[PDB]
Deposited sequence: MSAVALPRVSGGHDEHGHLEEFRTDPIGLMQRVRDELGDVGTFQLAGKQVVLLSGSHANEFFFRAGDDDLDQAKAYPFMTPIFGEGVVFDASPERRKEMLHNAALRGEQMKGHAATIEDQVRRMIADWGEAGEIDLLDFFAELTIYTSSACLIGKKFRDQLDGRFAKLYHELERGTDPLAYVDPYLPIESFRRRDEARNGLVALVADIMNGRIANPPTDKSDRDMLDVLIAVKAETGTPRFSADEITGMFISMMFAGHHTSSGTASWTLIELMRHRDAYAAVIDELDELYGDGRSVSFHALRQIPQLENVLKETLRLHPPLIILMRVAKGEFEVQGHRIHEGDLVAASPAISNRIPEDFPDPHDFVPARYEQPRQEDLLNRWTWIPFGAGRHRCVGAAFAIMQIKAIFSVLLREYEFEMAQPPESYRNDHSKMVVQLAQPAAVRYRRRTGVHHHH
């Protein structure tokens, strides 16, 4: 029997705690057991790995050893990048941001979750599907997509179809998205530049009838946008929050942006090049607030890690939330220190197996370049156009960890004023 963390005396073991304070649970696993420890998620044992040694095993393991295929049961009901194009995407993102703030005026107040959740729906759809498709979208799409993400309660590890309100809303939201897509398809029929939707609409089945239904197309689009939406949305929100919490960093970023853009080149040029201060703020934001706090796998065989035996069928997990703060690897792990990424320390590069907001090894984030470029493009526009201030106590900004998809809790109010 592998070492088991304390508690977990509820009906589904540690499931209830996982649904309320997953980070505290995972930290207790490490504090009590070390690099290899377990907790019970309903009828499934989760082997939580942490530390460089254990993480190296996790990230260097291929599909034949650790598989992600059936590690996330909450996604089944929901589903149903090249540098060459990066310059174009940067310009697209700049355009989407300018469109989102077009009605801001001289001063006002926004809720970060509402703002960035909607903005990232537009940037994601425009870049991945096409500008033509994004132009046929409005706030409704973002609202429905949010419901999908809110439908990821860990109870899915018991059963993804339990009769609970969040799952009911998840299913209703997906039907709503199918209807929006169907409306767009019908709109193109009556009122005819092409995008991915046009490509799918054109395919015919072995009978002359359209191959893909609105439902199938919607599932494809939902899946294409799922990796980058909540992650980019949360990262943008927390980047702004930490800049406001640390005015010295904010000031340094502003001076840097004003100096860099002084060469007269566009955001599509600069968002693909170094913006030092902002990049380090982003790295530190990701270390402290990793959008994915836990990564899951299903063991396909028997492996030994530090004397601990892992058997086939076992759920195996790594945690950016916990690993990103190991005190031995990151001096003063709970403090916001962008300087830890400067050439002298480079703590992100030095800790290859523990600085994992973007994963590592064979599972390196393929969208990281795009995500970093997006943050650079977004803030190149926002910070040069407006000044931001917190509208609530600095310590009151927090994440909601009740669903597998972590999202900012409300309120998250910020005030702006033209520069």
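Undergrad: So which bits of the deposited sequence did not make it into the model?
TA: No C-alpha for residues 1-4, 85-104, 217-221, 449-455.
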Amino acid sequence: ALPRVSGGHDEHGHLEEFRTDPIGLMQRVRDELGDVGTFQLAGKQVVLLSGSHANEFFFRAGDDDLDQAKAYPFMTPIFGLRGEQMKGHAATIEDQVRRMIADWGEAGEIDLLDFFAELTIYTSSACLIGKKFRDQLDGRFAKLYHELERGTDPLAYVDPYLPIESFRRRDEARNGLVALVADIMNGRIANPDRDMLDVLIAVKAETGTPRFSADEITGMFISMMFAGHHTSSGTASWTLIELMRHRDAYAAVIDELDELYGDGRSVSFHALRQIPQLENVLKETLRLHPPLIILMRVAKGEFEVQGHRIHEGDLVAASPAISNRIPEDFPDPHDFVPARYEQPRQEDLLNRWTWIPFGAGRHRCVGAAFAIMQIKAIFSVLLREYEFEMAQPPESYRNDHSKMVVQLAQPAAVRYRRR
From here on, numbers count along this sequence of modelled residues.
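What we label the rigid core is the largest C-alpha set whose atoms superpose within 1.5 Å from one form to the other.
Undergrad: What stretch shows more C-alpha movement in 4 other deposited structures of this protein relative to this form, 64-72 or 45-53, after the core is superposed?
TA: Of the two stretches, the larger average C-alpha offset in 4 other deposited structures of this protein falls on 64-72.
Undergrad: Core-aligned, RMS over all structures and residues: is 89-97 or 209-217 the stretch with the greater C-alpha displacement in 4 other deposited structures of this protein?
TA: More C-alpha displacement in 4 other deposited structures of this protein shows up in 209-217.
Undergrad: Comparing 57-65 with 382-390, which stretch shows the greater average C-alpha B-factor in the deposited entry?
TA: In the deposited entry, the stretch with the higher C-alpha B-factor mean is 57-65.
Undergrad: If you average the CA temperature factors as listed in the entry, which stretch comes out higher, 302-310 or 276-284?
TA: According to the PDB entry, the answer is 302-310.
Undergrad: Name the one of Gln85, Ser237, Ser266, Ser323 with the greatest CA B-factor according to the PDB entry.
TA: Largest recorded C-alpha B-factor: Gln85.
Undergrad: Given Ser319, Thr120, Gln343, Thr92, identify the residue with the highest C-alpha B factor in the PDB entry.
TA: Highest C-alpha B-factor among the listed options: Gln343.
Undergrad: Among the modelled residues of this chain, does the Cα B factor of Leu48 put it in the lowest, middle or highest third?
TA: CA B-factor rank for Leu48: middle third.
Undergrad: Is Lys204 in the lowest, middle or highest third of its chain when residues are ranked by C-alpha B-factor?
TA: Highest third of the chain for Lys204's C-alpha B-factor.
Undergrad: Would you mind checking where the Cα B-factor of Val29 ranks among the modelled residues of its chain, as the lowest, middle or highest third?
TA: It belongs to the middle third of the chain when residues are ordered by C-alpha B-factor.
Undergrad: Consider only the C-alpha atoms of the modelled residues in this chain, order them by B-factor as the entry records it, and name the third containing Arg140: lowest, middle or highest.
TA: It belongs to the middle third of the chain when residues are ordered by C-alpha B-factor.
Undergrad: What third of its chain's C-alpha B-factors does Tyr250 belong to: lowest, middle or highest?
TA: Within its chain, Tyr250 is a middle-third residue by C-alpha B-factor, going by the deposited values.
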